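Okay, so we've got a single protein chain in two different forms coming up as structure tokens, structure 1 first and structure 2 after it.
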Structure 1
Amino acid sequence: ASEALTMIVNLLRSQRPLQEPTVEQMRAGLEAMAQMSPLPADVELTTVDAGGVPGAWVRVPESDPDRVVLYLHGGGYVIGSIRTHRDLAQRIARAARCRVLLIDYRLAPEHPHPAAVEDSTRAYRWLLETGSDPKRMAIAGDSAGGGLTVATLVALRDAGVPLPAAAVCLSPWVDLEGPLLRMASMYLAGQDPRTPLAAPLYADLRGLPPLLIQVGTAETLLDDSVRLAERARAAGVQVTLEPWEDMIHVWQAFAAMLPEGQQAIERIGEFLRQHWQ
């Protein structure tokens, strides 16, 4: 609805994806677009070994150090890094007044399912080991990271690990079968595309903590979020589904230039601070 949206949409077209790019071109591409994004000078970054998963603490002046979001970046389980999602991480840290742990979870096709879930559960387990309180923790992720957020909560529940206070899905990708089909292939490596921890639309969602789903009405993954909300609510999960009118896929990533992007992130901050008390 804002004019900034039309400017974002034109920019995404202007980066014409005509030739089908290799995985390496896609990684280097996304890594370059992210280095052009300025990181505010009050953002403190600390690299860490999160129990055998490489990670980075994102901290800002107003971060409460006892509140933690484990943030799982999207990129079709193929693309993305601790560098590509630092701006989203630093904005969630401000709005939610918390530390964010970004993790460099193993990517396909080099490391197929269930490697991503093994890394996300391990990093969560490591936060507990090192003194983080589940009632002051959340898991959040965008697109593939949004599906991995759900897969992680299921895998943790099934292993008897204490679940966090809340979770946040930004335009989650939870149905691997329906561009993203090829990234689905690379993640699955022959496995059934309704594998519960790969496609958590088929997972048992009972006992998950309060779940915020932010999705745009102008995105092909609208139905993933709607079906997720239905399955979660049928399983007795406290779901908040926010469909944002006319918003595109992970519009929150454009928060620097899109008022709806910064508004969505302030809402993420509110949801988290509400469930932390």
Structure 2
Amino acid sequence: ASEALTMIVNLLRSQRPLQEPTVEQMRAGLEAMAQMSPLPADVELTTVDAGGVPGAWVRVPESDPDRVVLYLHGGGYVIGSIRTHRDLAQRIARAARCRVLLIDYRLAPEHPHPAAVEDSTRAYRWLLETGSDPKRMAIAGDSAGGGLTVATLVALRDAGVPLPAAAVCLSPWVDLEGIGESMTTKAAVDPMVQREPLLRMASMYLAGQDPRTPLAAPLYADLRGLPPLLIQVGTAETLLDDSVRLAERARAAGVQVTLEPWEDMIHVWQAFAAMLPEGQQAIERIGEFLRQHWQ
């Protein structure tokens, strides 16, 4: 891997964003980190009421105005915001030459499951209501948002809603029990995700519901009929086997799934694209994948 990976690993081993002692300190810690990445002057952000879910349109100069990614941020269903993920949103908008709708879906523990999925599906249905075409759309998300991407597609399909052209999962979180082999075998190389913070956030999201509830933990969902799916994941990830098991389940359900394991990469390494060459390379690949499925 690039020497820059050492810099990112050193930052994460000190900031320990998922190990802050309170939910408000976890939220503030991630906001402080995101404030570091310099936002380009050519990014246009427009606040919108996305059918009762707060959102922001993210547009860059070469955004095709009729192509839309609904972007679902990570943060364990507990942290993250429009502010934390607007940089990753604008990088995807640039690579995919599209607009991004970045939504502020309801967070736990204040709003447990299924609030996040009610909000993601509402925002998608609002895009259709306001004239977006499914063949020009995609859903994408990182970590918890990657799991929410799969759950959103399942819920839309089950409601007879037309599905988008493609979807993208970045280090998705789909096993709320942390029972993948890599949760043990990659614990020594993952500077961000470990089983204890995973179970802490799962508890807040589930609020005592079965941890295999399919729309919370889409490892257990019916994935038949989903559109083409890109899963990007790092091999230095306790969540590696979330992606491997998701790929297995989606392929068994007849889905056109691309599993891309990036050697030595850490959790949502794409977020560090300002400094990490592999982050920008991975975002360029997301853009290629989306443009291919919109052709």
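For clarity, a rigid core is taken as the largest C-alpha set superposing within 1.5 Å between two forms. Each residue is numbered by where it sits in the sequence of structure 1, with counting from 1.
Taking 2 Å as the criterion, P17 counts as shifted between the two structures: its C-alpha moves by at least this amount when the rigid core is aligned. Core-superposed comparison between the two structures: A28 shows a Cα shift of 1.4 Å. Summarising the core-aligned comparison between the two structures, the C-alpha atom of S37 is found to shift 2.2 Å.
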